[PDB]
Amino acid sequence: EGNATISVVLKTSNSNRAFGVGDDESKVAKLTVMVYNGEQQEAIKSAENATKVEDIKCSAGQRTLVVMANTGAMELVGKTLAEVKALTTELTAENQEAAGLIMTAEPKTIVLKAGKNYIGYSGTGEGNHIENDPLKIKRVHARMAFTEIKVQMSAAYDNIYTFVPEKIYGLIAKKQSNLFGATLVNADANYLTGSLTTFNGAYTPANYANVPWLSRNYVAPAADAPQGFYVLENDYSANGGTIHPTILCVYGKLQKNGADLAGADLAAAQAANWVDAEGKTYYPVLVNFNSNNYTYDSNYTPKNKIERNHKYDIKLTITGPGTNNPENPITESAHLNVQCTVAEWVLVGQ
């Protein structure tokens, strides 16, 4: 005969404490397990709102196991292995509500024994345990968000300048990534932004489009309600030459003596490249980026890139005027301070 079944259990969090609402820990809505005989799909079985798929019918022999979650309307039935391995995704408005956050594990070469096979059952149940440990799948997206924005004007600007936030933006967000691979960055060269495509900055990429869902009306960030965006992988770690760093930005009016900028004050702040024509200023933060006014908690080293399954939480302290071009090299004036906490998400059980 050679008929077999396989059952796959995912690694979920062993948490003894509830997770805070602002953390957006990963949840599985749909889970798909595929079993490949060479290139052809031999089995494909989904569960909804579950962290395991059981009793998948297949046959004895060497196979490739592929596991994907939260793939929504993506068509997986009948895809070849090479087709599934080369799948891509693009950033969506849906991702900004933490929906459509695809999770994958790397494809795994296994041998099915006739009868029952298990992955993630820690030796429990009769049959062949290909792997004892529950299988780890990870989000392909990352999140950049403010958890705090505070204005503490330094001595030159205190009791003179104030800042009235209006928008929070995601800039230079790479449009596409792969879903499998040691890295998910790929060669597609398209980028998205919630602000202008016209800044013509040192960071501005040639292929660039505005989308309304990378911009938010300003809401005072809180730990329970981080303010930011989901993004895909993007590498800006080059030693030199042009880089395209993903940026989280706050934008608003720079007022002086309690009033909108006018006259000589406006002209001076415009000439200083602090404010644009409407007296408004930008405070950009290059995410996961090594800069001297960025501090990272607990001796983490920024890698100058967006990595999947990472939460980049930013505390921003504003101490002077900002910039009128948020896409120009990490500003010469340290009129802001960043403290960033970085973490990886886990999968919470059902």
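In case it trips you up, residue 1 is the first one in the sequence shown, and so on.
Enquirer: Take the C-alpha B-factors listed in the entry for 36-44 and for 292-300, compute each mean, and give the stretch with the larger one.
Expert: The stretch with the larger mean CA B-factor is 292-300.
Enquirer: Taking the recorded C-alpha temperature factors, which stretch has the higher mean, 183-191 or 236-244?
Expert: The stretch with the larger mean CA B-factor is 236-244.
Enquirer: Among 152, 104, 124, 177, where is the Cα temperature factor highest, going by the PDB entry?
Expert: That would be 124.
Enquirer: Name the residue from 229, 146, 208, 157 with the greatest C-alpha temperature factor listed in the entry.
Expert: Highest CA B-factor of the listed options: 208.
Enquirer: When the modelled residues of the chain are sorted by Cα temperature factor, does residue 28 land in the lowest, middle or highest third?
Expert: According to the entry, residue 28 has a C-alpha B-factor in the chain's middle third.
Enquirer: Lowest, middle or highest third: where is residue 63 by Cα B-factor in its chain?
Expert: Answer is middle: the recorded C-alpha B-factor places it there.
Enquirer: Lowest, middle or highest third: where is residue 8 by C-alpha B factor in its chain?
Expert: Lowest third of the chain for residue 8's C-alpha B-factor.
Enquirer: C-alpha B factor of residue 56, ranked within the chain: lowest, middle or highest third?
Expert: Its C-alpha B-factor belongs to the middle third of this chain's values.
Enquirer: Going by the recorded CA B-factors, say which third of the chain residue 255 sits in, lowest, middle or highest.
Expert: It falls in the middle third of the chain.
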